[PDB]
Every structure is written in structure tokens, then in C-alpha cells.
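Encoded as C-alpha cells, the following chain is the form deposited in one PDB entry, with no partner shown.
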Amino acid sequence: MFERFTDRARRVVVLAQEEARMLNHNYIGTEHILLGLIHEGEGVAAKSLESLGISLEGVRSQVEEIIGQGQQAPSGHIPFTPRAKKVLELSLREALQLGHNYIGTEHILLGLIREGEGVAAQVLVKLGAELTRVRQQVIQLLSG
């Protein structure tokens, strides 16, 4: 109970909404959480990717090519898709597995992958970001 999102993880989600605004999308999907993850580009999630050979601007144009752009930009709140909601919930499940009592960008990466159906997961696994592999780069990196 009471697991807190890190201030870095919170930014990823705030960023997720704006990525979708820039693209004129009227939703926040898993892809925009991955763009947010990329946009803050600083956490354990970003280093776990780069440390596996994955270029975060490669990821960004890969995702941007798949989802395109919207006609016009919407206002106020843009709703999170259910599967984007399920990423954040799988982040907590991935943090707990490791025995962590917080949710940071590392766990958001794992939940994006574990979600296993969205644009973000499809892009990630095409680039070796396999779950158990990313789990291990997360653990060795976190050791300290």
C-alpha cells in the first residue's frame, strides 16, 4: 500500500499528455507515455534502454511514424486510454515484484513492456527490450 510515484515518474505522465497535444491526438495512449518517458530522457528507464543499445531518438521517430498526427489540437484534459491506465497499474506491479516501495521511471518502462499489446510495447520488443532482459538491466543498474 501507499507506493509513491517519484517526481521524475510524475513528470513522464505530465509529459505524456503534452506529447499528445503536440500531435493533435484526442487520447493519451501507451505510445505517449513512452514519448514522455523519452522526453524526460534522464531516469533509470532511459539509461536502462541506452545501456542495451537502444537509441531514444530512434524510439521516438519509430513511435512517431506509427501513430502520425492529428487534424487539430484539443483543449483542457485529454483522456488516458484504458491500456495507458493499465501501464501505470502494471508499473506498481513491476515495482512490487522487485521489492520496491516506490514507482519510478524504471518501473514505468517495465509496465509499458508488460502491457504487451500497445504501440509502446510493440516498438520496445522489436528492439530487444524484452521483459526479463529489461528487468535485469533495471536490477543491475539499481544495485547500490
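Position 1 is the first residue in the sequence shown; the rest follow in order. In this text, the rigid core denotes the largest set of C-alpha atoms whose superposition between the two forms falls within 1.5 Å.
What follows is about the form deposited in another entry, which we do not show.
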query	finding
Threshold 2 Å Cα movement between the shown form and the other one at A9, rigid core reference	no
Core-superposed comparison between the shown form and the other one, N101 Cα displacement 2 Å or beyond	no
Yes/no, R83 Cα shift of 2 Å or more between the shown form and the other one with rigid core fixed	no
Cα separation of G128 and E89 in the other entry versus here, shift of 3 Å or more	farther
Relative Cα spacing, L127 and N24, in the other entry - shift of 3 Å or more	closer
